[PDB]
Amino acid sequence: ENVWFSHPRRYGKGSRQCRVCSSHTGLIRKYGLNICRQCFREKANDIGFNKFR
Amino acid sequence: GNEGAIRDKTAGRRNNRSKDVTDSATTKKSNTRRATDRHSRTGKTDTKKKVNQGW
Amino acid sequence: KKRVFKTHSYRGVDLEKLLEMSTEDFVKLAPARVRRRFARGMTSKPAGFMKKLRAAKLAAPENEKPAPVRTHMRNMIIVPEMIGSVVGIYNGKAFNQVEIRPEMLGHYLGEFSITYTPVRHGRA
Amino acid sequence: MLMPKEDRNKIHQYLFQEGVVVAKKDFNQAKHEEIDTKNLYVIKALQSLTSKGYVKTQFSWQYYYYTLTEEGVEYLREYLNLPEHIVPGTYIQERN
RNA sequence: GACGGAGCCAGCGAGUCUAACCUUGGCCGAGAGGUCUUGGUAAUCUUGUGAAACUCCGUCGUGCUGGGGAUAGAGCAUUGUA
RNA sequence: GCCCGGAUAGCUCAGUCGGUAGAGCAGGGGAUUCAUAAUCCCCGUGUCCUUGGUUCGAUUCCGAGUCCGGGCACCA
Ligand SMILES: [Mg+2]
Ligand SMILES: [Mg+2]
Ligand SMILES: [Mg+2]
Ligand SMILES: [Mg+2]
Ligand SMILES: [Mg+2]
Ligand SMILES: [Mg+2]
Ligand SMILES: [Mg+2]
Ligand SMILES: [Mg+2]
Ligand SMILES: [Mg+2]
Ligand SMILES: [Zn+2]
């Protein structure tokens, strides 16, 4: 109803976040994972990203 | 406004160029505090009973 | 005499025609960036503004500048229809009152309102 | 919160029937999946419902998992009148 | 060695569903780009990613030079509500 | 009340053949420290006293005057 409370949010750092934690910053956007790097390091095992080399 | 800004002498480059440069420009890091890092300021201390209850 | 000086020309058009030409025909003769801005976005833009603007130009006390008309629209391109108006061109705080001249055609409002105070190194 | 009683009924009813709700943490949605109201309405109505018992709330990955409690079953039972032992997710479907 | 013709060879990647991503081909355009179609959710299509240094035949010829391309003026297009 | 000594950055102190102004201290900011010190750097800074004169050029070569600074309680 209130025609006053949004401005574009289609693109840029403001148009997304961490599916895990809201953070707009240091976002992993590759392969559609969309996790912030801090989180991605804590989840990378359960996602299936392991350490080989 | 803009009329002001162009009309204002005491502005632009020549004017700065002709001023001396302060010495705090060519300063140094500062540091302030470091050989106090291990020295606790809290003035509080714990106590063997509280630590022994905890751990 | 006879020759009351002579008018201005935007890019080969003397005032007279420019004034009653149409915004669209004006940008037609404008340069790249302008022609682009106007090309995209045609749905409601410098809207009530002009109305107010013109109303002020009517409410003008004769032979004199119309009252200022404040905006934040630093992005608005200057076109014939707004020639001879007075606009409060915000710079962050402050609306810088500016009258619009024939030779300002096609520039942004924001160019005419400075956004920072110069500098002044050293000094005291 | 502040919301017309009708939407409050959509929420409460849906909730009683389902016994469980989810809502992405995003106010400003306008309509949420399923229930026909503002996401904000769901989230707040629920939150209230919870802080007086009635519902348990879990969060995890931006998402709010809403669980209907027993005392709560009694409560919305009152709010929709519907006679003692009405329903909820409290019967094992066909024989699934 | 710069410029100009011409020769002409990689590997690791990545790409569009409830969407507009990787884009071949045809035309138009000095260029940037435009436009009509198209293949691909992929060892299948873009893509042999014909990459750049490099190779060859020319022009220049030691001169701030045709080395260098900062700064600046005018015009044209692309992303984007801007 | 003398005589003495001054004046330029806030202050303390340099200067000039007369070309274009400095230094310390102060200040402000970094570096070094878990954090402060020390230390080691950075920065910024000027109504050239008033008051006139001299002078191709003067803060800067004079003069006059005013704040003052050092030493001594009205004998032509
Ligand atoms: Mg919003
Ligand atoms: Mg300003
Ligand atoms: Mg070549
Ligand atoms: Mg052409
Ligand atoms: Mg297709
Ligand atoms: Mg290959
Ligand atoms: Mg040379
Ligand atoms: Mg060249
Ligand atoms: Mg530390
Ligand atoms: Zn995160």
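Our subject is the structure listed above.
Residues numbered from 1 in each chain as written, not as in the entry; some residues may be left out. Chains lettered and ligands numbered in written order. Part of a larger assembly, values for the part shown. Heavy atoms only, no water. Residues with missing side-chain atoms left out of burial classes, pairs and counts.

Draft legend 1. Structural detail: the pairing of strand β2 (residues 86-90) of chain C. All names here are of chain C. The element β2 is extensively covered by neighbouring structure, given that four of its five residues are classed as buried. Two strands pair when backbone bridges link them, and strand β1 (residues 69-71) and β2 are joined in this way by three bridges, in the parallel orientation. For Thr 71, the partnering residue across the bridge sits in β2 and is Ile 89. Relative to strand β3 (residues 95-99), β2 runs antiparallel, the two being bridged by five bridges. When the sheet's bridge partners are listed, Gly 88 is paired in β3 with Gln 97. Hairpin connection from β2 to β3: four residues lie between these consecutive antiparallel strands, with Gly 92 at a positive phi of about 135°. (Buried < 20%, exposed > 50% of the residue type's maximum accessible area, 1.4 Å probe, protein only. Helix = DSSP H or I, 4+ residues; strand = E, 2+ residues; numbered from the N terminus. Pairing = 2+ DSSP bridges.)

Draft legend 2. Here's a closer look at unusual backbone geometry. With a phi close to 70°, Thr45(B) is a non-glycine residue in the positive phi region. Mapping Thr45(B) onto the fold places it in the loop between α2 (13-17) and α3 (48-54). Unusually for a residue other than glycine, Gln93(D) sits at a positive phi of about 20°.

Draft legend 3. Structural detail: the protein's contact with RNA strand E. Among the 14 residues in the neighbourhood of RNA strand E, the closest are listed as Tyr11(A), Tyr31(A), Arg35(C), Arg36(C) and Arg40(C). Here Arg10(A) contributes a side-chain N or O atom positioned 3.3 Å from a phosphate oxygen of RNA strand E. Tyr11(A) places a polar side-chain atom, nitrogen or oxygen, 2.4 Å from a sugar or linking oxygen of RNA strand E. Split by residue class, the surface near RNA strand E holds five nonpolar, two polar and seven charged. (Near = heavy atom within 4 Å. Polar contact = N/O pair within 3.5 Å; in protein donor to acceptor, adjacent residues only side chain to side chain. Nonpolar A, V, L, I, M, F, W, Y, C, P; charged D, E, K, R; others polar.)

Draft legend 4. Fine view of the packing of helix α1 (residues 5-18) of chain D against helix α2 (residues 39-51) of chain D. Residue and element names in this part refer to chain D. The interhelical angle for the contact between α1 and α2, taken along N-to-C directions, is 65°, at an axis separation of 10 Å. One way to sum up the angle between α1 and α2 is to call them roughly perpendicular. Between α1 and α2 the crossing geometry is right-handed. Contacts between α1 and α2 involve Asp 7, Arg 8, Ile 11, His 12 and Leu 15 on the former and, on the latter, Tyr 41, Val 42, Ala 45, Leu 46 and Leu 49. For the contact of α1 with α2, a count of residues per class yields seven nonpolar, one polar and two charged. (Axes fitted to C-alpha atoms, helices over the stretch in contact; angles between N-to-C directions. Parallel < 35°, antiparallel > 145°, perpendicular 65-115°, else oblique. Left-handed = near helix turned anticlockwise from the far one by under 90°. Contact = heavy atoms within 4.5 Å.)

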